[PDB]
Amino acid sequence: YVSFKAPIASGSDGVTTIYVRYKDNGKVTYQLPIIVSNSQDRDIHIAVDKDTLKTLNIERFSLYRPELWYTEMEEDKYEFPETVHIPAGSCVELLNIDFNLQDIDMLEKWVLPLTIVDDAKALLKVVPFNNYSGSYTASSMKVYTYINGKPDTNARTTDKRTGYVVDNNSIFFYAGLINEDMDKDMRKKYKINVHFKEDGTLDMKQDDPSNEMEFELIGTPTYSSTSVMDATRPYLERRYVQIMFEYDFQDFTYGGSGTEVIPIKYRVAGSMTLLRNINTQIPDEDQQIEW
């Protein structure tokens, strides 16, 4: 039996998360092993399986929740050999998936659905990353509601916010506590592009040119990058990226679509910190990351 074997096992839906680094013009290669679980010179044929991904979306999220659906990766963003040759004697070969991630919209949950048509499926959730992207701890980020023109004393918080890749040193967030799984046409309006500068200051500007959420940065946001060695595991390095910011924005889409509502102005203030666990015994900058 000929199948695929990713470094980590798939989730409850059969989707495997793969982490690819965004580098120089975002050209990066992922190596997916193909296993024969051999006295034959086998030419294995691989193809994009659009249909398995559609069936999974229906089965998991249903036709009634398309905002939660995985999106098939665009043909212009990837390339892989149609045929993989495993000579007689070998039982393992690698499928080199070459990605071109430049200008990828991380609004979508990109999946590359692969299948062995001639000797088994692989639903690869392609997650680009840089030194500033991932799941930030947002417990010190306070979101105050404007009540009678002034921010209220009572603050709302969440445990984490995702920083999505834009390029090699820029990421984006969804403003305040905006639901990261809300209607895609509506959530793209709350993107905040955050660029990491050499002097330790950040650039924070809304993605929406018309700035319908009326994003307004307060003061000069900053970031600090520090590293601690683990006590228990002495070769493990914990790398922290703390971002400190303050801004105002408005939720003008909470009523659902179509409906024009009274915007709810919010004051977002505090910090968020990203952790990256690195196994400094592994010299490769990508293989050393412990996801």
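In case it trips you up, residue 1 is the first one in the sequence shown, and so on.
The gap between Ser37 and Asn38 holds 4 to 9 unmodelled residues of the deposited sequence. Coordinates are given for every residue of the deposited sequence from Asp105 through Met106, so that no gap is recorded there. Higher mean CA temperature factor, per the PDB entry, when comparing 79 to 87 with 153 to 161: 79 to 87. The PDB entry reports B-factors from which the mean C-alpha value can be compared for 206 to 214 and 173 to 181; the larger average falls on 206 to 214. Of the candidates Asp41, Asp248, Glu237, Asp251, the deposited coordinates give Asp41 the top C-alpha B factor. When the Cα B-factors of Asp119, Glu72, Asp167, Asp98 are read from the PDB record, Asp119 comes out highest. Looking at the C-alpha B-factors along this chain, the one for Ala9 belongs to the highest third.
When the CA B factors of the chain's modelled residues are split into thirds, the value for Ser271 lands in the middle one. Ranked by C-alpha B-factor against the other modelled residues of its chain, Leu68 falls in the middle third. Split the chain's modelled residues into thirds by C-alpha temperature factor. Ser135 is in the lowest one. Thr17: CA B factor lies in the middle third for its chain, per the PDB record.
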